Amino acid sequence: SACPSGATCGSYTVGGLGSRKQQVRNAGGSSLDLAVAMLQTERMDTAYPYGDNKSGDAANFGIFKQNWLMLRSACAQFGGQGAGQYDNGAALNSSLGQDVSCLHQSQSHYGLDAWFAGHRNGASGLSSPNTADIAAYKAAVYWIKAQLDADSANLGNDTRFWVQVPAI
């Protein structure tokens, strides 16, 4: 209900989102995964600009906006690949199952603390993971997760819960 430490937050309806939440869950997404996805886009989709307008290791793919550094470091299907091969990450834009599998491989590779740091701030986050900005990003995700956990209707309805987290 009340927003996380100083932040703006709220909720609104997105047509079709409930059916999409169900698809994400059936692909293996947990409530934490749904909260991460919910922060990134409204419809849990990949129609955002290619790479989220970033190239190389910072390029974002899939519904979670995973970056290429983390994908190539953690996920078997990208093993051994380099920063310049980032266009290969676009496979996740058309395969939800692979997107979720890669998310789980990445979270296990890093552990969740480091994972949040890299997911928010890339290589700079991995080497400086305990910043105020990373903590606020994590807090936003866990606040969204709390809304999902508090009422299971939110796992399948059209409601989007959000916290304003400035883009970087």
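When you see a residue number, it is the position in the sequence shown, counting from 1.
Set 23 to 31 against 38 to 46 and average the Cα temperature factors; 23 to 31 ends up higher. Higher average CA B factor: 105 to 113, of the stretches 105 to 113 and 61 to 69. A139: CA B factor lies in the highest third for its chain, per the PDB record. Remark: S55 belongs to the middle third of its chain, ranked by C-alpha B-factor as recorded.
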